Amino acid sequence: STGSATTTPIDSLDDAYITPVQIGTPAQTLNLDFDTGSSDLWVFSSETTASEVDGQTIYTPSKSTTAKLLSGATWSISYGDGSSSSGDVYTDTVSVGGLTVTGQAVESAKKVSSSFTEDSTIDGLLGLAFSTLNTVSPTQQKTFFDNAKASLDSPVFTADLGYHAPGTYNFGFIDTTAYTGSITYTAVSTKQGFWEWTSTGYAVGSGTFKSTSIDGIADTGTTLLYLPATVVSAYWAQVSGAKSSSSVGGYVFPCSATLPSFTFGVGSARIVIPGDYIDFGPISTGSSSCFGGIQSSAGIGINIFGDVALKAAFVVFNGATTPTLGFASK
């Protein structure tokens with residue numbers, strides 16, 4: 001089997017991407033944030049505290065003839081941006097782009113933090129990291145990909161995120177028309193439950209490539225590119241007027257600037273992030289100070305190849321017995 005679904009930016013800045021997901025019988029379609037940095041599929045639901053729902057579409061298990069309460073199971077998750085959610089668990093039928101899993105754990109939110117409430121466009125998350133990170137207790141549950149894997153034509157999914165445009169998540173096949181050149185594959189460590197890999201270095205603009213190992217995660221659920229402070233300082237030093245602002249919470253730059261590209265290494269291959277991808281717009285409405293898309297990972301504890309990086313590539317998440325990651329230009 002295979003699946004193919006379009007993923008769409010939630011706003012003009014590509015702050016996140018939503019993908020429609022069918023849950024239950026008859027289908028209830030929710031727009032979920034596919035997140036390769038976490039491993040829970042959770043949804044706004046009929047059980048979510050009413051004051052914490054503001055425009056989202058909810059899953060109502062009682063209206064699904066295939067929903068079954070997973071007795072005794074609870075979940076609770078906190079994300080890197082400080083947001084959180086928790087609740088109980090059902091199993092139900094879940095389909096993405098024509099690919100159907102029966103008996104998928106659908107985590108129903110009883111509580112969500114303010115950032116989720118305030119984002120009306122995201123109805124939940126669909127985790128695509130390794131199932132060892134799944135938070136369901138006392139019986140850990142498998143991700144959608146893990147459940148689908150054996151049925152897929154090939155045990156892979158691909159992320160093809162757009163810049164200010166829709167893109168695609170595919171399951172079970174590699175669309176050879178979706179990228180240019182070749183796919184370069186690189187080793188993955190699953191030791192922390194992530195799609196963790198080591199970039200071979202970077203360049204800023206038309207500058208020389210610096211060969212240096214950068215361990216980090218491929219994370220579709222993170223907006224920006226978070227890299228070591230040395231790398232980030234080297235980038236922003238090429239933008240007149242750019243500075244790190246403690247009050248804003250990162251590097252900002254004059255909105256009048258033309259940003260240089262940023263290149264990262266995948267083995268001997270190179271992925272180029274155009275300068276425009278690094279512009280996240282005014283820090284507040286009307287400001288001439290703009291927020292940067294490359295930020296320091298210092299104090300996160302991990303480097304994160306988020307959407308800013310991933311959207312410059314066609315990315316293969318290879319879930320073979322020894323997982324690997326593949327990157328191609330497009």
# chains A, B, ... in the order shown; residues from 1 in each chain; ligands from 1
$ closest_atom_pairs --of "segment 62-90 of chain A" --to "segment 96-117 of chain A" --cutoff "7 Å" --atoms "only C-alpha atoms" --output "CSV"
residue,atom,partner,partner_atom,distance
A:83,CA,A:113,CA,5.7
A:84,CA,A:113,CA,5.3
A:85,CA,A:112,CA,4.2
A:86,CA,A:109,CA,5.3
A:87,CA,A:109,CA,4.4
A:88,CA,A:108,CA,5.4
A:89,CA,A:107,CA,4.4
A:90,CA,A:106,CA,5.2
$ residues_around --residues "residue 61 of chain A" --least-positions-apart "3" --cutoff "8 Å" --atoms "only C-alpha atoms" --output "list in words"
residues 24, 45, 46, 64, 67, 68 and 90 of chain A
$ residues_around --residues "residue 245 of chain A" --least-positions-apart "6" --cutoff "12 Å" --atoms "only C-alpha atoms" --output "list in words"
residues 251, 252, 253, 283, 289, 290, 291, 292, 295 and 296 of chain A
$ closest_atom_pairs --of "segment 230-276 of chain A" --to "segment 193-216 of chain A" --cutoff "7 Å" --atoms "only C-alpha atoms" --output "tab-separated table"
residue	atom	partner	partner_atom	distance
A:235	CA	A:204	CA	5.8
A:260	CA	A:205	CA	4.7
A:261	CA	A:205	CA	4.6
A:262	CA	A:204	CA	4.9
A:263	CA	A:203	CA	4.9
A:264	CA	A:202	CA	4.4
A:265	CA	A:200	CA	4.7
A:266	CA	A:199	CA	5.4
A:267	CA	A:200	CA	5.8
$ residues_around --residues "segment 176-187 of chain A" --least-positions-apart "2" --cutoff "9 Å" --atoms "only C-alpha atoms" --output "ChimeraX atom specification"
/A:160,174,189,196-199,266-269,313-316,322-330
$ atom_distance --atom1 "atom CA of residue 192 of chain A" --atom2 "atom CA of residue 231 of chain A"
23.4 Å
$ decode --residues "segment 53-187 of chain A" --atoms "C-alpha atoms" --output "JSON list (two decimals), in the first residue's frame"
[["chain", "number", "residue", "atom", "x", "y", "z"],
["A", 53, "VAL", "CA", -11.02, 25.06, 22.25],
["A", 54, "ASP", "CA", -11.06, 28.11, 19.96],
["A", 55, "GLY", "CA", -11.95, 27.27, 16.36],
["A", 56, "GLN", "CA", -10.33, 23.86, 16.00],
["A", 57, "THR", "CA", -12.13, 20.91, 14.50],
["A", 58, "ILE", "CA", -12.70, 18.23, 17.14],
["A", 59, "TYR", "CA", -12.76, 14.44, 17.06],
["A", 60, "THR", "CA", -15.87, 13.03, 18.71],
["A", 61, "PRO", "CA", -15.24, 9.35, 19.47],
["A", 62, "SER", "CA", -18.88, 8.68, 20.39],
["A", 63, "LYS", "CA", -19.84, 9.41, 16.76],
["A", 64, "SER", "CA", -17.34, 6.86, 15.41],
["A", 65, "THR", "CA", -18.59, 3.27, 15.17],
["A", 66, "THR", "CA", -14.99, 2.02, 15.12],
["A", 67, "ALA", "CA", -13.74, 3.98, 18.16],
["A", 68, "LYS", "CA", -12.89, 1.96, 21.27],
["A", 69, "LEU", "CA", -11.70, 3.44, 24.57],
["A", 70, "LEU", "CA", -8.24, 2.11, 25.38],
["A", 71, "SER", "CA", -9.07, 1.31, 28.97],
["A", 72, "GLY", "CA", -6.82, 2.88, 31.58],
["A", 73, "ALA", "CA", -4.54, 4.61, 29.09],
["A", 74, "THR", "CA", -3.47, 8.23, 29.53],
["A", 75, "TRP", "CA", -0.95, 10.49, 27.84],
["A", 76, "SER", "CA", 0.87, 13.72, 28.57],
["A", 77, "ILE", "CA", 3.40, 15.52, 26.42],
["A", 78, "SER", "CA", 5.50, 18.66, 26.55],
["A", 79, "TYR", "CA", 7.13, 20.15, 23.46],
["A", 80, "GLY", "CA", 10.36, 22.05, 22.90],
["A", 81, "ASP", "CA", 8.53, 25.36, 22.69],
["A", 82, "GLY", "CA", 7.03, 24.83, 26.15],
["A", 83, "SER", "CA", 3.57, 23.87, 24.94],
["A", 84, "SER", "CA", 1.81, 20.77, 26.28],
["A", 85, "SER", "CA", -1.31, 18.60, 26.13],
["A", 86, "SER", "CA", -2.74, 15.50, 27.83],
["A", 87, "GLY", "CA", -5.75, 13.23, 27.96],
["A", 88, "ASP", "CA", -6.97, 9.69, 27.39],
["A", 89, "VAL", "CA", -6.82, 7.29, 24.45],
["A", 90, "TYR", "CA", -9.02, 5.59, 21.89],
["A", 91, "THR", "CA", -8.16, 3.20, 19.11],
["A", 92, "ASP", "CA", -9.80, 3.94, 15.77],
["A", 93, "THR", "CA", -9.29, 3.79, 12.03],
["A", 94, "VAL", "CA", -6.95, 6.48, 10.71],
["A", 95, "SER", "CA", -6.27, 7.22, 7.05],
["A", 96, "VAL", "CA", -3.73, 9.57, 5.48],
["A", 97, "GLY", "CA", -3.88, 10.22, 1.78],
["A", 98, "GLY", "CA", -5.55, 6.89, 1.06],
["A", 99, "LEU", "CA", -3.40, 4.79, 3.43],
["A", 100, "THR", "CA", -5.48, 3.25, 6.22],
["A", 101, "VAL", "CA", -4.40, 1.93, 9.62],
["A", 102, "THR", "CA", -6.92, 0.14, 11.81],
["A", 103, "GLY", "CA", -6.49, 0.14, 15.58],
["A", 104, "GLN", "CA", -4.39, 3.31, 15.64],
["A", 105, "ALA", "CA", -4.03, 4.97, 19.02],
["A", 106, "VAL", "CA", -5.80, 8.32, 18.82],
["A", 107, "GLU", "CA", -4.92, 10.36, 21.87],
["A", 108, "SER", "CA", -7.85, 12.55, 22.88],
["A", 109, "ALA", "CA", -6.93, 15.82, 24.56],
["A", 110, "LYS", "CA", -8.60, 16.73, 27.81],
["A", 111, "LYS", "CA", -6.22, 19.67, 28.27],
["A", 112, "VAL", "CA", -4.08, 21.73, 25.93],
["A", 113, "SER", "CA", -1.82, 24.69, 26.66],
["A", 114, "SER", "CA", -2.58, 28.20, 25.49],
["A", 115, "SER", "CA", -0.42, 28.08, 22.36],
["A", 116, "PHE", "CA", -2.50, 25.20, 21.00],
["A", 117, "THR", "CA", -5.77, 26.94, 21.87],
["A", 118, "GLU", "CA", -4.59, 30.13, 20.21],
["A", 119, "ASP", "CA", -3.79, 28.34, 16.95],
["A", 120, "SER", "CA", -7.15, 27.68, 15.34],
["A", 121, "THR", "CA", -5.61, 26.03, 12.28],
["A", 122, "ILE", "CA", -4.01, 23.02, 14.02],
["A", 123, "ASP", "CA", -6.43, 20.30, 15.19],
["A", 124, "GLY", "CA", -3.69, 18.09, 16.65],
["A", 125, "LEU", "CA", -0.35, 16.43, 15.93],
["A", 126, "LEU", "CA", 0.64, 13.26, 14.15],
["A", 127, "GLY", "CA", 3.98, 12.05, 15.44],
["A", 128, "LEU", "CA", 6.46, 10.46, 13.06],
["A", 129, "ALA", "CA", 9.52, 10.02, 15.28],
["A", 130, "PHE", "CA", 10.28, 6.58, 16.76],
["A", 131, "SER", "CA", 7.60, 4.88, 18.87],
["A", 132, "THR", "CA", 9.97, 4.70, 21.85],
["A", 133, "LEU", "CA", 9.06, 8.38, 22.49],
["A", 134, "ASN", "CA", 5.31, 7.73, 22.62],
["A", 135, "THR", "CA", 3.90, 9.00, 25.94],
["A", 136, "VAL", "CA", 0.91, 6.68, 26.41],
["A", 137, "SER", "CA", 0.88, 4.98, 29.80],
["A", 138, "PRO", "CA", 0.87, 2.25, 31.00],
["A", 139, "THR", "CA", 1.09, 0.65, 27.55],
["A", 140, "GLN", "CA", 3.16, 2.64, 25.05],
["A", 141, "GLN", "CA", 1.57, 2.93, 21.61],
["A", 142, "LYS", "CA", 2.93, 2.85, 18.07],
["A", 143, "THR", "CA", 3.00, 5.74, 15.59],
["A", 144, "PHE", "CA", 0.90, 5.77, 12.44],
["A", 145, "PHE", "CA", 4.03, 5.02, 10.39],
["A", 146, "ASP", "CA", 5.07, 2.16, 12.67],
["A", 147, "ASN", "CA", 1.59, 0.60, 12.36],
["A", 148, "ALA", "CA", 1.51, 1.08, 8.57],
["A", 149, "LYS", "CA", 5.07, -0.02, 7.87],
["A", 150, "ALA", "CA", 4.59, -3.72, 7.18],
["A", 151, "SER", "CA", 1.78, -2.99, 4.71],
["A", 152, "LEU", "CA", 3.69, -0.32, 2.79],
["A", 153, "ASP", "CA", 5.28, -1.08, -0.57],
["A", 154, "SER", "CA", 8.55, 0.24, 0.90],
["A", 155, "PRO", "CA", 9.03, 1.08, 4.61],
["A", 156, "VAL", "CA", 9.53, 4.81, 4.04],
["A", 157, "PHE", "CA", 7.80, 8.14, 4.16],
["A", 158, "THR", "CA", 8.89, 11.36, 2.46],
["A", 159, "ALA", "CA", 8.51, 15.03, 3.34],
["A", 160, "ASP", "CA", 8.38, 17.59, 0.54],
["A", 161, "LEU", "CA", 7.51, 20.86, 2.24],
["A", 162, "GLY", "CA", 6.82, 23.98, 0.21],
["A", 163, "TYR", "CA", 8.17, 27.48, 0.62],
["A", 164, "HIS", "CA", 5.07, 29.68, 0.93],
["A", 165, "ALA", "CA", 3.25, 26.90, -0.96],
["A", 166, "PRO", "CA", 1.72, 23.47, -0.46],
["A", 167, "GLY", "CA", 3.81, 20.32, -0.47],
["A", 168, "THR", "CA", 3.44, 16.58, 0.02],
["A", 169, "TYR", "CA", 3.84, 13.75, 2.51],
["A", 170, "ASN", "CA", 4.10, 10.34, 0.85],
["A", 171, "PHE", "CA", 4.01, 6.95, 2.53],
["A", 172, "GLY", "CA", 5.44, 3.78, 1.11],
["A", 173, "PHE", "CA", 7.08, 5.09, -2.07],
["A", 174, "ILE", "CA", 9.64, 7.57, -3.41],
["A", 175, "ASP", "CA", 8.27, 9.93, -6.07],
["A", 176, "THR", "CA", 11.23, 10.16, -8.42],
["A", 177, "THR", "CA", 9.66, 13.16, -10.20],
["A", 178, "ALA", "CA", 9.67, 15.25, -7.00],
["A", 179, "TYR", "CA", 13.39, 16.03, -6.81],
["A", 180, "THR", "CA", 16.40, 16.86, -8.96],
["A", 181, "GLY", "CA", 19.65, 14.92, -9.13],
["A", 182, "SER", "CA", 20.18, 12.08, -6.69],
["A", 183, "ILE", "CA", 19.12, 11.35, -3.12],
["A", 184, "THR", "CA", 22.06, 11.20, -0.71],
["A", 185, "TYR", "CA", 21.49, 8.91, 2.23],
["A", 186, "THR", "CA", 23.06, 9.40, 5.63],
["A", 187, "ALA", "CA", 23.15, 7.37, 8.86]]
